[PDB]
Amino acid sequence: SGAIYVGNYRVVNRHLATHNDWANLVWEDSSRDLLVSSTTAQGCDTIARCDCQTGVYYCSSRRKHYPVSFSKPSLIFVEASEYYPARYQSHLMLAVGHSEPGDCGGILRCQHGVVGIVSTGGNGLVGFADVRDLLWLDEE
Ligand SMILES: Cn1nc(C(=O)NCCc2cocn2)c2ccccc21
Ligand SMILES: [Zn+2]
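About the criteria used
- Residues numbered from 1 in each chain as written, not as in the entry; some residues may be left out.
- Chains lettered and ligands numbered in written order.
- Heavy atoms only, no water.
- Helix = DSSP H or I, 4+ residues; strand = E, 2+ residues; numbered from the N terminus.
- Rg over C-alpha atoms; globule rule 2.2 N^0.38 Å.
- Contact = heavy atoms within 4.5 Å.
- Areas by Shrake-Rupley, 256 points an atom, 1.4 Å probe, with all protein chains shown as cover.
- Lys, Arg positive; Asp, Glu negative; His and termini not counted.
- Charge placed at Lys NZ, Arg CZ, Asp CG, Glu CD.
- Patch = residues over 30% accessible without salt bridge, like charges linked within 9 Å, V, L, I, M, F, W, Y side chains within 5 Å.
- Salt bridge = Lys/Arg side-chain N within 4 Å of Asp/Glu carboxyl O.
- Buried < 20%, exposed > 50% of the residue type's maximum accessible area, 1.4 Å probe, protein only.
- Donors = N, O, S within 2.8 Å, 3.2 Å for Na, K, Ca; no water.
- Tetrahedral: all angles 85-135°; square planar, octahedral: opposite > 155°, others 65-115°.
- Pairing = 2+ DSSP bridges.
- Axes fitted to C-alpha atoms, helices over the stretch in contact; angles between N-to-C directions.

Asks: Tell me about the overall build of the protein chain, and please be specific about residues and values.
Replies: From N to C terminus, the protein chain includes 1 helix and 10 strands. Expected size for 140 residues packed as a compact globule is a radius of gyration near 14 Å; at 14 Å, the protein chain falls within 12% of this value. On the principal axes, the C-alpha backbone points of the protein chain span a range of 40 × 35 × 30 Å. Of the contacts formed within the protein chain by residues at least 6 apart in sequence, a portion of 57% connects residues at least 24 apart. As displayed, the protein chain offers around 7400 Å² of accessible surface, 52% of which is attributable to carbon and sulfur atoms. Averaged over its 11 positive side-chain charges, the protein chain has a centre that lies 7 Å from the centre of its 15 negative ones.

Here it is, written out as structure tokens:
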């Protein structure tokens, strides 16, 4: 589990969005596993605007914060889960790290702010859905 809170926006894994998030839907993309909903209160998270490939992510399955190098976002074939059939996921960044399904929503951060959230993993990899291209998140 986990969310990004910036202005009056909540960013979650699409597969972990609630009844309430769909009712308050701003924007979603199945191929990115991203959903954004409106909030009452103002969030305190800053979105990174950069092309950083180094950072730190939270791993709930280890209660630890791991420093990693990650690839630039791309279209990547991802195997089936509970939530999606085997498919191509877009805007996905991979790193060498431990992850399990419940680690989804863990935040990846660089010196500039929040980069993305855990979405994919296994075989010693972790996949992050990038949010740095969603410039509209910093306004309105
Ligand atoms: C970080 N992590 N996430 C999942 C997962 O099932 N994601 C569901 C969402 C999804 C995206 O594309 C297909 N399914 C996973 C599975 C084994 C090990 C680590 C893992
Ligand atoms: Zn950065």
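Asks: How would you explain a nonpolar patch on the surface if you had to name every residue and give the values?
Replies: On the surface, a nonpolar cluster with roughly 360 Å² of combined accessible area is contributed by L75, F77 and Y88. Its location among the elements puts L75 in strand 6 (residues 74–78). A relative accessible area of 58% places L75 in the exposed class.

Asks: Describe the coordination of the zinc ion (ligand 2), and please don't skip the residues or the numbers.
Replies: Distances from the zinc ion (ligand 2) to its protein donors, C50 (SG), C52 (SG), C110 (SG) and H112 (ND1), fall at 2.1 to 2.4 Å. One can describe the donor arrangement at the zinc ion (ligand 2) as tetrahedral, given that its 4 donor atoms subtend angles of 97 to 119 degrees at the metal. When the donor residues of the zinc ion (ligand 2) are listed from N- to C-terminus, their spacing reads C-x1-C-x57-C-x1-H.

Asks: Lay out the sheet that holds strand 5 (residues 64–69) in plain terms, naming residues and giving numbers.
Replies: Across the sheet, 7 strands lie side by side as 5-4-8-9-10-7-6; this open sheet has antiparallel pairing. This sheet does not close on itself; its edge strands, each paired only once, are strand 5 and strand 6. When the angles between neighbouring strand axes are averaged without regard to direction, this sheet yields 50 degrees. With 6 bridges joining them, strand 4 (residues 54–59) and strand 5 adopt antiparallel strand pairing. In the strand pairing of strand 5, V56 is matched with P67.

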